[PDB]
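Values quoted throughout were computed directly from the atomic coordinates according to the rules given, and no laboratory measurement underlies them. For neighbour counting, all protein chains shown are included, and Cβ atoms are generated from backbone atoms with ideal geometry for every residue, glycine included.
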There are 2 protein chains.
Amino acid sequence: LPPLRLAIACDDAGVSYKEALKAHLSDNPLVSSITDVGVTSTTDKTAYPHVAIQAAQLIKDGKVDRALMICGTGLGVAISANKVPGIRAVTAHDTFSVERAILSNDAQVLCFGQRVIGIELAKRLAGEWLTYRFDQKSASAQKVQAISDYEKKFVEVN
Amino acid sequence: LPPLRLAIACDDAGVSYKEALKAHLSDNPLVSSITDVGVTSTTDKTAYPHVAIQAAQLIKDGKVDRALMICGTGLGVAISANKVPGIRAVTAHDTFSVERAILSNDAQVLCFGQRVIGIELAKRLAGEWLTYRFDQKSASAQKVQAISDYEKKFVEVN
Ligand SMILES: [Cl-]
Ligand SMILES: [Cl-]
Ligand SMILES: [Cl-]
Ligand SMILES: [Cl-]
């Protein structure tokens with residue numbers, strides 16, 4: 001499989017897992033590059049939507065292929081990334097969900113909750129995530145299309 | 001605490017859990033009413049984004065307060081609901097995340113994966129979810145505001 005470009009993002013509550021995941025993934029041949037949008041210290045209290053939207057915008061703008069996002073629960077980063085047009089983001093902490101996030105939902109964003117999941121499970125799931133690639137000709141693509149259809153309702157004016 | 005109006009939604013892969021959850025919640029004094037947007041049979045192959053967006057639109061339009069959504073993984077329904085302006089949706093399968101979905105993220109939508117979670121855990125989490133109420137004056141409200149700020153970029157033309 002070809003390697004993918006990743007963005008990674010966290011808030012203050014996700015820093016140590018982010019660092020561990022970044023180290024783990026920097027050795028992986030399915031990762032071509034990692035773009036770290038921060039935060040890079042627990043001292044940085046930047047609110048999670050800013051880091052999530054920045055990382056999601058890198059996907060929309062063709063700079064990366066997927067993003068991995070970490071905060072306390074991984075919920076707010078997923079909500080935030082889903083607000084970006086054409087971006088589909090999940091919070092997932094089990095192997096079946098992570099597979100389906102790609103193969104059913106074509107979700108470019110995977111989010112973890114540092115305060116709820118353990119680091120080895122998170123590393124394992126992130127490694128598995130990279131091995132699935134969405135089939136644009138699948139029956140699932142027609143369901144994803146209904147989401148994209150809804151997104152056509154909106155124009156970005158600001 | 002005052003009772004809340006709920007919408008409930010599922011696709012074909014979420015029907016039996018939806019029915020069990022609806023039965024469980026119809027006895028709960030924190031639920032004032034349940035609006036079921038379907039599907040109501042495993043024979044109905046309506047794609048999950050339609051049911052999710054319909055249920056999310058009930059919240060946006062002041063018809064219900066929250067929605068519970070069930071499909072195979074609960075991921076696509078969450079993605080879909082997050083596309084609706086002002087709606088914040090999560091997939092959550094643990095007690096800490098469900099609390100924070102409300103108290104941190106002010107998420108009106110909770111989603112479950114029938115194929116990944118068990119029915120008693122799902123019932124328990126849905127009951128707990130109703131007992132938390134977001135504090136609009138909290139520090140978290142300022143973070144949620146950053147999401148709402150981003151949503152201001154878009155106008156709905158169709
Ligand atoms: Cl948290
Ligand atoms: Cl797992
Ligand atoms: Cl599934
Ligand atoms: Cl739990």
Condition check for residue A:102: part of a helix (DSSP H, G or I) and facing chain B (nearest Cβ under 7 Å):
no
Residues satisfying the stated conditions in segment B:57-80, i.e. within 12 Å of chain A (Cβ to nearest Cβ) and small (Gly, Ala, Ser):
B:72, B:74, B:76, B:78, B:80
Looking across segment B:105-122 at residues that are within 9 Å of chain A (Cβ to nearest Cβ) and surrounded by 24 or more Cβ atoms within 10 Å (Cβ to Cβ), the single one that is nearest to ligand 2 (Cβ to nearest atom) is B:113
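Rundown of residues vs (1) away from chain B (no Cβ under 14 Å); (2) within 13 Å of the chain's Cα centre (by Cα), yes/no style:
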{"site": "A:12", "(1), (2)": "no, no"}
{"site": "A:26", "(1), (2)": "yes, no"}
{"site": "A:34", "(1), (2)": "yes, yes"}
{"site": "A:46", "(1), (2)": "no, no"}
{"site": "A:82", "(1), (2)": "no, yes"}
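Run down A:47, A:55 and say which single residue is among the hydrophobic types (A, V, I, L, M, F, W, C), crowded, with 18+ Cβ neighbours inside 10 Å and farther than 20 Å from residue A:123 by Cα.
Working: A:55 fails: farther than 20 Å from residue A:123 by Cα.
Going through A:47, A:55 in turn, just one is among the hydrophobic types (A, V, I, L, M, F, W, C), crowded, with 18+ Cβ neighbours inside 10 Å and farther than 20 Å from residue A:123 by Cα: A:47.
Yes/no matrix, rows are residues, columns are (1) in contact with a strand residue (DSSP E or B) (Cβ under 8 Å, 6 or more places away or on another chain); (2) more than 16 Å from ligand 1 (Cβ to nearest atom):
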residue: A:99; (1), (2): no, yes
residue: A:102; (1), (2): no, yes
residue: A:110; (1), (2): yes, yes
residue: A:113; (1), (2): yes, no
residue: A:118; (1), (2): no, no
residue: A:123; (1), (2): no, yes
residue: A:127; (1), (2): no, yes
residue: A:130; (1), (2): yes, yes
residue: A:134; (1), (2): no, yes
For residue B:80, the lone unmet condition from (1) out of contact with any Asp or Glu (no Cβ under 6 Å at 6 or more places or on another chain); (2) not in a helix (DSSP H, G or I) is (2)
Being buried (at least 17 other Cβ atoms within 10 Å of the Cβ) and of a type in the set (A, V, I, L, M, F, W, C) is the filter; apply it to segment B:135-158 and report the residue that is farthest from residue B:66 (Cα to Cα).
B:154
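Taking the condition of being of a type in the set (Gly, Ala, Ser) and in contact (Cβ under 8 Å) with a residue 40 or more places away in the chain, how many residues in segment A:129-158 meet it?
Selection size over segment A:129-158: 1.
Yes/no matrix, rows are residues, columns are (1) touching a residue at least 12 places away in the same chain (Cβ under 8 Å); (2) away from ligand 3 (no atom under 16 Å from the Cβ):
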| position | (1), (2) |
| --- | --- |
| A:8 | yes, yes |
| A:27 | no, yes |
| A:33 | yes, yes |
| A:62 | no, yes |
| A:76 | yes, yes |
| A:87 | yes, yes |
| A:93 | yes, no |
| A:100 | no, no |
| A:103 | yes, no |
Selection from segment A:123-158 of residues that are more than 14 Å from chain B (Cβ to nearest Cβ) and not charged (D, E, K, R)
A:126, A:127, A:130, A:131, A:136
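Taking into account only those residues within segment B:127-145 that are in a loop (DSSP other than H, G, I, E, B) and not aromatic (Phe, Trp, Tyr), which is farthest from residue B:112 (Cα to Cα)? Steps first, please.
We begin by selecting, within segment B:127-145, every residue in a loop (DSSP other than H, G, I, E, B); these are B:130-138.
Still in the running and not aromatic (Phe, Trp, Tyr): B:130-131, B:133, B:135-138.
Details: B:130: 15, B:131: 18, B:133: 20, B:135: 24, B:136: 26, B:137: 29, B:138: 27 Å.
Here the residue is B:137.
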